[PDB]
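Take a look at the structure set out below.
2 protein chains.
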Amino acid sequence: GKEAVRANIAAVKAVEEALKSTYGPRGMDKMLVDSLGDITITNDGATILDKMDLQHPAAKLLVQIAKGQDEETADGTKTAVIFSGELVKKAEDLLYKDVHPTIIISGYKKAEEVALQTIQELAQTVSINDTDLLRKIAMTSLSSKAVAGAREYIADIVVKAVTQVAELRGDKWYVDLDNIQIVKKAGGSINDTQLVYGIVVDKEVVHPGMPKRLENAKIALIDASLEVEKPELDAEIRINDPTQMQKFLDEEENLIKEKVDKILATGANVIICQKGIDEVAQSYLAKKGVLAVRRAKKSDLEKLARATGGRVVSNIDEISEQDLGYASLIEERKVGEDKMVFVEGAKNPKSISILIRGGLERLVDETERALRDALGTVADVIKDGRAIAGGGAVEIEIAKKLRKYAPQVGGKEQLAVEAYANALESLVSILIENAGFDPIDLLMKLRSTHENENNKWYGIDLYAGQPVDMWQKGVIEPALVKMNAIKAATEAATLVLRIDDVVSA
Amino acid sequence: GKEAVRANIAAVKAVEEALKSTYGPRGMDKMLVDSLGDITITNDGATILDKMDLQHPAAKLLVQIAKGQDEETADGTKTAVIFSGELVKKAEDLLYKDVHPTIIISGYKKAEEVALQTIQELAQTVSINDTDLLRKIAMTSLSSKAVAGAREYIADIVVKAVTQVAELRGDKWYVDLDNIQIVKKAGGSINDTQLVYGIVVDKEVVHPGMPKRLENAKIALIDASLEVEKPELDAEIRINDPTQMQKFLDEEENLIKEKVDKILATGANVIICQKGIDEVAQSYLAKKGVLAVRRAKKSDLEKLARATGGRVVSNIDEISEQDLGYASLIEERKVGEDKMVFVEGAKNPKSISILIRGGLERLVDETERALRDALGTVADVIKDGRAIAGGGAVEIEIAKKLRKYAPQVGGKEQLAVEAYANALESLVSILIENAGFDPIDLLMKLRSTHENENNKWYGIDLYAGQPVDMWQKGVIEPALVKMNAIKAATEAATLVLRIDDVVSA
Ligand SMILES: Nc1ncnc2c1ncn2[C@@H]1O[C@H](COP(=O)(O)OP(=O)(O)O)[C@@H](O)[C@H]1O
Ligand SMILES: Nc1ncnc2c1ncn2[C@@H]1O[C@H](COP(=O)(O)OP(=O)(O)O)[C@@H](O)[C@H]1O
Numbered sequence: 028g029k030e031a032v033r034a035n036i037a038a039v040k041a042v043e044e045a046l047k048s049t050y051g052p053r054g055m056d057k058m059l060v061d062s063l064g065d066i067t068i069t070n071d072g073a074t075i076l077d078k079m080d081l082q083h084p085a086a087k088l089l090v091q092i093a094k095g096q097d098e099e100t101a102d103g104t105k106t107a108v109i110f111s112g113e114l115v116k117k118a119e120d121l122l123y124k125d126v127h128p129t130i131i132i133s134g135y136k137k138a139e140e141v142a143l144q145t146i147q148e149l150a151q152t153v154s155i156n157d158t159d160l161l162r163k164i165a166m167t168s169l170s171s172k173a174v175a176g177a178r179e180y181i182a183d184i185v186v187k188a189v190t191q192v193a194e195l196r197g198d199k200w201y202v203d204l205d206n207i208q209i210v211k212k213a214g215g216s217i218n219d220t221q222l223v224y225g226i227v228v229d230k231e232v233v234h235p236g237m238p239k240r241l242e243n244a245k246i247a248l249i250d251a252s253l254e255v256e257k258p259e260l261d262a263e264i265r266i267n268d269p270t271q272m273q274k275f276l277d278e279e280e281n282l283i284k285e286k287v288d289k290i291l292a293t294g295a296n297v298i299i300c301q302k303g304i305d306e307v308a309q310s311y312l313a314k315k316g317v318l319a320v321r322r323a324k325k326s327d328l329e330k331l332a333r334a335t336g337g338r339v340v341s342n343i344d345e346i347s348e349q350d351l352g353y354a355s356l357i358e359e360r361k362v363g364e365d366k367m368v369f370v371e372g373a374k375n376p377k378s379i380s381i382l383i384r385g386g387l388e389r390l391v392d393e394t395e396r397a398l399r400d401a402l403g404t405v406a407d408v409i410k411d412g413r414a415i416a417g418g419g420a421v422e423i424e425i426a427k428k429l430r431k432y433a434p435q436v437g438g439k440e441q442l443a444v445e446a447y448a449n450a451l452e453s454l455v456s457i458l459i460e461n462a463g464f465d466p467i468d469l470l471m472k473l474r475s476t477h478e479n480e481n482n483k484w485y486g487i488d489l490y491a492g493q494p495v496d497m498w499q500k501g502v503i504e505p506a507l508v509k510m511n512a513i514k515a516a517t518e519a520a521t522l523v524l525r526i527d528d529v530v531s532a
Numbered sequence: 028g029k030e031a032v033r034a035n036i037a038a039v040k041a042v043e044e045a046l047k048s049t050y051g052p053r054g055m056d057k058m059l060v061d062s063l064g065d066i067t068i069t070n071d072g073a074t075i076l077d078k079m080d081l082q083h084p085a086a087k088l089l090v091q092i093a094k095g096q097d098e099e100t101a102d103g104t105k106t107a108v109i110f111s112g113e114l115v116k117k118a119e120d121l122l123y124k125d126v127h128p129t130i131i132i133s134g135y136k137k138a139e140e141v142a143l144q145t146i147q148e149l150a151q152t153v154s155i156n157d158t159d160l161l162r163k164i165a166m167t168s169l170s171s172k173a174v175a176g177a178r179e180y181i182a183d184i185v186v187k188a189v190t191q192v193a194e195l196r197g198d199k200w201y202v203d204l205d206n207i208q209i210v211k212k213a214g215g216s217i218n219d220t221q222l223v224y225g226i227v228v229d230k231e232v233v234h235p236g237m238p239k240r241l242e243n244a245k246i247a248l249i250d251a252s253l254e255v256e257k258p259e260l261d262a263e264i265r266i267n268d269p270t271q272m273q274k275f276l277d278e279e280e281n282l283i284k285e286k287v288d289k290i291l292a293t294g295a296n297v298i299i300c301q302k303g304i305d306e307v308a309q310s311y312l313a314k315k316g317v318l319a320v321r322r323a324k325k326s327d328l329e330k331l332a333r334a335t336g337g338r339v340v341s342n343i344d345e346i347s348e349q350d351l352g353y354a355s356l357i358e359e360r361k362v363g364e365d366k367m368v369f370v371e372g373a374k375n376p377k378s379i380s381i382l383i384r385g386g387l388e389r390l391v392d393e394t395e396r397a398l399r400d401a402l403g404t405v406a407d408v409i410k411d412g413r414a415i416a417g418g419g420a421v422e423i424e425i426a427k428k429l430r431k432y433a434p435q436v437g438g439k440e441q442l443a444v445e446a447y448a449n450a451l452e453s454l455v456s457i458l459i460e461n462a463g464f465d466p467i468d469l470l471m472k473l474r475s476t477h478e479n480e481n482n483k484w485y486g487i488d489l490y491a492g493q494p495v496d497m498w499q500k501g502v503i504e505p506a507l508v509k510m511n512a513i514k515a516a517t518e519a520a521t522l523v524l525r526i527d528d529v530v531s532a
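Those protein sequences? They're chains F and G, same order as listed.
For the first sequence, the residue numbers in the authors' numbering are 28 to 532.
For the second sequence, the residue numbers in the authors' numbering are 28 to 532.
Laid out in structure tokens, this is it:
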């Protein structure tokens with residue numbers, strides 16, 4: 028009964044109160060200071076919840092549904108939760124009127140149904156051919172984050188980056204984000220960032236006496252120990268004369284050269300690994316004319332593996348005339364400050380990376396967040412093929428269309444549905460609020476400007492304060508992201524109500 | 028006297044107050060947070076009592092009778108207890124009137140008798156031939172749990188799954204649930220779950236160089252250590268020259284190959300065990316063309332043992348030309364995300380398994396609960412052969428029929444019986460309550476609609492709020508489950524009253 032159910036609700040409303048002021052494209056920012064001392068300020072939902080530990084079960088339950096939503100991009104999780112808590116709020120008012128929660132559930136379900144198809148039988152068909160459209164959908168996502176200086180630059184990139192990896196595995200597209208690497212290093216402004224048509228390794232070469240530019244390379248992904256073997260563990264021993272010394276360090280030096288020749292046995296122009304490479308073994312590779320790289324996060328070896336059609340050598344005594352990937356040109360431009368290795372024109376085409384350079388140690392970090400989400404979302408538009416105008420446009424519609432529905436739904440459930448609708452408009456008010464305008468004023472002024480059947484795409488320009496056509500202003504979103512959000516929010520919302528009591532161990 | 032007897036009752040009523048709000052098919056849900064931090068919300072009685080530690084003796088005594096009821100399925104234990112506590116409540120009112128508890132006992136006994144046969148001489152004869160009926164009885168059980176999306180899918184499965192294992196050992200059916208394995212792994216929705224006509228092992232093959240598909244296999248259930256023998260415990264020793272090394276690791280490697288050949292001595296296409304298999308022994312089995320699996324819960328070896336007509340090899344030096352089971356086709360489809368081994372078309376027909384895939388790490392878990400109970404109950408319908416319409420239909424009947432009985436029973440005992448009846452209707456009110464309708468209103472409106480001798484199967488549709496024919500709406504239950512419940516509840520109920528005082532050590 029009311030006992031605990033109030034608590035869960037409480038907790039949920041609580042989570043809402045944590046993002047509410049950051050919703051919308053011109054929302055606020057929350058600050059986060061690591062215990063280490065480092066500060067990071069943002070308005071990315073995932074981060075605001077990952078870095079913010081909540082304890083109450085209901086809450087972990089809400090976020091579990093929100094973050095681990097139904098798809099790629101992190102977008103809409105912020106909606107999923109806000110809208111989620113709003114249903115809870117507006118549902119609370121129903122319990123006050125004494126309507127069994129089981130009813131508010133059915134009410135919401137039926138409302139969800141309609142609310143949902145109302146997006147389908149309204150969404151517009153977007154095809155990856157139309158490149159001038161995604162140019163917008165991209166900004167409609169990244170323009171939302173801190174970094175809003177010359178976004179067209181980043182926006183444009185994001186579009187090319189995805190269309191590059193896309194495929195048509197049986198008239199059914201499949202964009203695998205893993206085919207894109209993202210590396211970042213301080214320096215200049217964000218305009219100094221660019222996309223490379225191949226993998227990019229952030230780690231300077233091992234020795235200066237090595238080829239800093241190979242034509243038609245044959246990469247050798249060697250993952251294993253490549254340094255003189257400490258021989259102390261194997262043996263503890265004494266020594267007399269210098270005659271013994273020589274033959275000791277000589278063959279021991281020849282032991283590493285063995286692994287090296289056994290690898291060059293495939294004849295590779297370049298060889299990179301993820302462990303410490305001996306300094307004596309460098310002079311050897313240097314004299315051989317090989318290009319080698321020290322420790323390097325396995326995280327990129329893989330992305331570089333299937334990007335150059337090679338294998339990540341497990342055991343050196345097993346290397347094959349094929350485990351080595353091919354390329355076209357390797358380089359090491361000292362871009363920014365440090366020097367990085369490039370592997371442009373790989374064997375595998377659909378495989379590129381992006382290089383972020385925000386400038387400051389932290390500004391760069393959040394550019395990566397925005398970019399991650401930006402890419403994800405764009406890929407989702409393609410994987411599906413439906414896209415609607417964002418701006419609260421779909422909210423008010425889902426509302427109105429819902430109000431005309433309620434009347435017939437039934438006795439009490441009606442109230443549930445009428446509610447589901449009101450809670451939903453609350454969504455757009457919050458959006459207005461953060462814009463700095465009277466939420467009620469514009470909401471009424473907008474839901475009014477939706478009488479004209481030819482305004483479906485009308486929303487509220489958060490800079491001029493007035494209803495305008497969102498679509499014809501470059502503001503679109505994956506009709507699926509803001510759709511799964513609704514399924515999500517309602518899932519959570521009705522789930523909290525389904526709960527009668529909590530007993531833990 | 029009143030002294031302690033109040034306490035026990037108190038405790039019992041207490042247990043009722045813990046499930047009451049979860050009774051019925053549209054009941055509430057209770058939340059459970061493990062001390063580890065993980066949360067599980069449910070309305071399955073067993074779980075609500077297992078995960079909820081009660082201390083008072085009476086309570087452990089009630090649940091002992093309830094859980095360890097009289098049969099398979101966990102269903103009705105929730106009834107057994109609620110109804111149990113209701114008799115206690117309504118019996119308490121009798122003590123208030125000063126009627127020795129010994130009398131309330133006899134009262135209840137005699138009422139139980141009648142209440143019981145009233146189900147027999149009223150139940151309808153169901154035969155396993157009628158497959159279109161169990162299609163319902165299954166839903167009448169699983170539709171009750173959280174997972175209510177496309178249940179017809181699961182419901183249908185459950186029916187085929189049992190009829191598959193059923194037997195007629197001397198015109199007396201015997202369904203052994205153990206002949207059905209249940210494996211679960213996240214991924215997609217629940218619609219992505221299916222039943223396999225043979226055992227299914229959740230564990231990827233041991234080596235990539237092995238046959239991932241054998242025609243007509245001869246399984247070898249080898250339960251024992253299959254890895255190079257650590258020789259340190261056996262011996263501690265020194266070493267000089269490399270001549271000694273070779274003959275050491277060589278024969279030691281040949282030691283494991285021995286066990287392998289001694290097993291292949293039966294000539295098996297596949298061999299799986301429940302321990303760690305050496306990596307060198309893999310290269311051997313790989314070169315031999317055998318399909319082997321690493322550690323695997325003994326829990327499935329057995330289900331796979333008598334499912335393929337083989338023995339679980341205790342000692343490798345004892346394997347026989349028969350201890351190995353036969354099959355038809357083994358496979359390893361990467362269904363979902365990970366890869367699992369299948370053993371379809373085994374030697375033994377009546378032996379299948381079910382694969383659950385709810386999607387989320389927890390959603391999948393409760394689908395297994397619902398499914399377990401769902402299977403159990405269906406099997407019980409067959410083992411017996413009698414089934415009645417659920418929906419409170421039988422309650423009100425057992426009531427009415429009971430009221431006409433009371434008058435003749437006797438002086439005081441009458442009140443006991445009239446009570447036994449009232450307490451029983453309370454059962455259906457609780458059911459109504461959770462539906463969101465006035466318990467009294469409908470109960471009277473329903474027990475009224477039972478004047479018409481042709482409505483016996485009439486109950487209250489918990490979605491429209493009105494008496495309708497439950498039977499003709501696909502709502503049936505094992506006339507035995509809701510029968511043993513009554514025996515159970517009354518057992519417990521009268522047992523608490525039989526107690527005069529508790530003295531512990
Ligand atoms: N340019 C824009 N003009 C008006 N509304 C916008 C614009 N961009 C996004 N929105 C609205 O903001 C809503 C929420 O997005 P946002 O606040 O960025 O975080 P999230 O996508 O995680 O909810 C979406 O409903 C959306 O249509
Ligand atoms: N579809 C239905 N319509 C009406 N009553 C139902 C339906 N399904 C089950 N019931 C009633 O619910 C009662 C209790 O079942 P339930 O609440 O699921 O848990 P348990 O079986 O453990 O008591 C049974 O008496 C039963 O007939």
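Positions of the beta carbon are idealized from the N, C-alpha and C atoms, including for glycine.
Please list the terminal residues of the continuous alpha helix (DSSP H) segment that includes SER310/F.
307 to 315
Would you say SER62/G reaches chain F, if we count a Cβ-Cβ gap shorter than 8 Å as a contact?
yes
Take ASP305/F as the anchor and find which of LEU282/F, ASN481/F, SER171/F, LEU291/F has the nearest alpha-carbon.
Ranking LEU282/F, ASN481/F, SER171/F, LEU291/F by Cα distance to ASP305/F puts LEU282/F first.
Can you tell me which of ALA86/G, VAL90/G, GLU98/G, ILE132/G puts its alpha carbon nearest to the alpha carbon of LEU524/G?
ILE132/G
Verify the contact flag: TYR50/G, CB atom, against every heavy atom of ligand 2, threshold strictly below 7 Å.
yes
Proximity test, Cβ basis, 8 Å: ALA251/F and chain G
no
Helix or strand or just coil, what does DSSP make of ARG413/G?
strand
So, under 8 Å CB-CB, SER168/F and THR404/F are touching, yes? Tell me the CB distance rounded to an integer number of Å.
Taking a contact as a CB-CB distance under 8 Å, the pair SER168/F and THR404/F counts as one, their CB atoms being some 5 Å apart.
Closer than 9 Å at the beta carbon, the chain F residues around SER48/G:
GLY28, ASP527, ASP528
Near ligand 4: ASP97/G beta-carbon under 7 Å from a heavy atom
Because ligand 4 does not appear in the structure shown, any question about it cannot be addressed here, the ligands present being ligand 1 and ligand 2.
Hey, how far is the Cα of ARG384/G from the Cα of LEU469/G?
40 Å
Listed in chain order, which residues of the stretch 128 to 141 of chain F have Cβ atoms closer than 7 Å to some Cβ of chain G?
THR129, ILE130
Verify the contact flag: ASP261/F, CB atom, against every heavy atom of ligand 1, threshold strictly below 7 Å.
no
Counting contacts by CB-CB distance shorter than 8 Å, is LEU76/G in contact with chain F?
no
How would you list, in chain order, the residues of chain G whose beta-carbon sits under 7 Å from the beta-carbon of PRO84/F?
Those within 7 Å of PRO84/F in chain G are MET58, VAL60, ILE66.
Establish whether the CB of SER531/F and some CB of chain G are separated by less than 8 Å.
yes
Per DSSP, which one or two residues make a beta bridge with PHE369/F?
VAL227/F, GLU358/F
List the DSSP bridge partners of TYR123/G.
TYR123/G pairs with nothing; no bridge assigned.
Determine whether the Cβ of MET272/G lies closer than 8 Å to any Cβ atom of chain F.
no
Every unbroken beta strand (DSSP E) inside the stretch 63 to 89 of chain G [3 residues or more]:
66 to 69
Which class does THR49/G belong to by DSSP, given the choice of helix, strand or coil?
helix
CB of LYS105/G to nearest heavy atom of ligand 2: below 7 Å?
Under cutoff, so the answer is yes.
Looking at the secondary structure, which residues open and close the alpha helix (DSSP H) in which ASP527/G lies?
Careful: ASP527/G lies outside any alpha helix (DSSP H) and carries neither H nor E.
Using C-beta distances below 8 Å, list every residue in its chain close to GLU424/F, excluding the 5 sequence neighbours before and after it, in chain order.
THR145, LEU149, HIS477, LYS483
State buried or exposed for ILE299/G, treating a residue as buried only when at least 16 other CB atoms are found within 10 Å of its CB.
buried
Pick out whichever of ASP527/F, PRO466/F, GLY492/F, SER456/F has its Cα sitting closest to the Cα of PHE110/F.
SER456/F
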